[PDB]
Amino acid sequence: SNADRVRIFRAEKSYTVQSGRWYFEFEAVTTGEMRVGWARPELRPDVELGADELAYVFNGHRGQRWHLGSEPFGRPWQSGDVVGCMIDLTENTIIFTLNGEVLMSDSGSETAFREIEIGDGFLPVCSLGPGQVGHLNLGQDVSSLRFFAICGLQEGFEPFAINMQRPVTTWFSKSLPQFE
């Protein structure tokens, strides 16, 4: 029996962060096997996110946090729900929200992961199992973030897209009349 095909959406490695406090969202359209969170710049093939050391993710199918394996955490997704992903590379913590409300661990903690090591740094990541549908928003248009202002903005987290600069081709001219 062939294994499930899982799509993994890496960010360009050149956007990797080793400092600061960053924020992005992920909308669950379906309600099944998807994961979202923060990845190392290297991922191994044919391994699910957070099964090993290379990612720290939330699985909202039933509510799990994944890093070196799974644990019960948060609560399950409904269609339309938006997961907020936060990483704090000064405090060294990861926090998830669901429709702007922090997802608490089973033990009662706001931090989903703590005492994380900066190492090679982090990138936003998601995985989509077969059939599944979900959209990242890395916050190019900050106002488009649905729950940032409710939890993340005042808390000092910045939209991750600030780390992403459009490549450009420039055309120079000395002609004032062209720039009126």
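Note that residue numbering begins at 1 and tracks the sequence as displayed.
For the pair 40-48 and 125-133, the record assigns the higher mean C-alpha temperature factor to 40-48. Taking the PDB entry as given, 115-123 carries the higher mean Cα B factor of the two stretches 144-152 and 115-123. Reading the B-factor column for the CA atoms of 106, 71, 91, 101 in the entry, the top value corresponds to 106.
Per the deposited record, the Cα B-factor of residue 19 falls in the middle third when ranked against the other modelled residues of its chain. Compared with the other modelled residues of the chain, the Cα B-factor recorded for residue 160 ranks in the lowest third. The PDB entry assigns residue 97 a C-alpha temperature factor belonging to the lowest third of its chain's modelled residues.
Per the PDB record, residue ranking by Cα B-factor puts residue 67 in the middle third of the chain.
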